[PDB]
Amino acid sequence: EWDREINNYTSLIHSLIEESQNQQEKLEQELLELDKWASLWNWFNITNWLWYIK
Amino acid sequence: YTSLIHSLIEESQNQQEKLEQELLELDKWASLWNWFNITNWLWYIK
């Protein structure tokens, strides 16, 4: 009976919430990795600029 | 950039909030339907 559908729809909503949470987590991890390398390339660029100071 | 990526995680959070509210509404429906089912069963086994 309709309890099957209710249980199925409940599980699907949970699956979607989890997929959305996983997408959020991946974006956060991507931003953290990009921030790390942005910081290292910024460091490299600054270091090159400082060389010219006599 | 700053404003654009800001909106993407916000979009994800908005989606999750909507799905959470859909679950709570579905739970209310489940409660209503279960009440009918139990009343019906008790009537038939009385």
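Analysis parameters
Residues numbered from 1 in each chain as written, not as in the entry; some residues may be left out. Chains lettered and ligands numbered in written order. Heavy atoms only, no water. Residues with missing side-chain atoms left out of burial classes, pairs and counts. Salt bridge = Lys/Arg side-chain N within 4 Å of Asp/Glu carboxyl O. Buried < 20%, exposed > 50% of the residue type's maximum accessible area, 1.4 Å probe, protein only. Helix = DSSP H or I, 4+ residues; strand = E, 2+ residues; numbered from the N terminus.

The record names X-ray crystallography as the way this model was obtained, at a resolution of 1.70 Å.

The name recorded for chain B in the PDB entry is Envelope glycoprotein gp160, from Human immunodeficiency virus type 1 lw12.3 isolate.

Chain A appears in the PDB entry as Envelope glycoprotein gp160 from Human immunodeficiency virus type 1 lw12.3 isolate.

This part covers the pattern of salt bridges. Here the idea is simple: oppositely charged side chains can pair when their charged atoms come close. Counting across every chain of the model gives two salt bridges over all chains. Between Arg4 of chain A and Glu5 of chain A there is a salt bridge, with its nearest N and O atoms 3.1 Å apart. Judged by relative accessible area, which is 56%, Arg4 of chain A ranks as exposed. The shortest N-O distance in the salt bridge between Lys28 of chain B and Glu25 of chain B comes to 3.3 Å. Within this pair, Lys28 of chain B and its partner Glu25 of chain B are both found in helix α1 (residues 2-45), separated by three residues, close to a single helical turn. Classification of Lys28 of chain B as exposed rests on a relative accessible area of 55%. Since its relative accessible area comes to 38%, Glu25 of chain B is described here as partly exposed.

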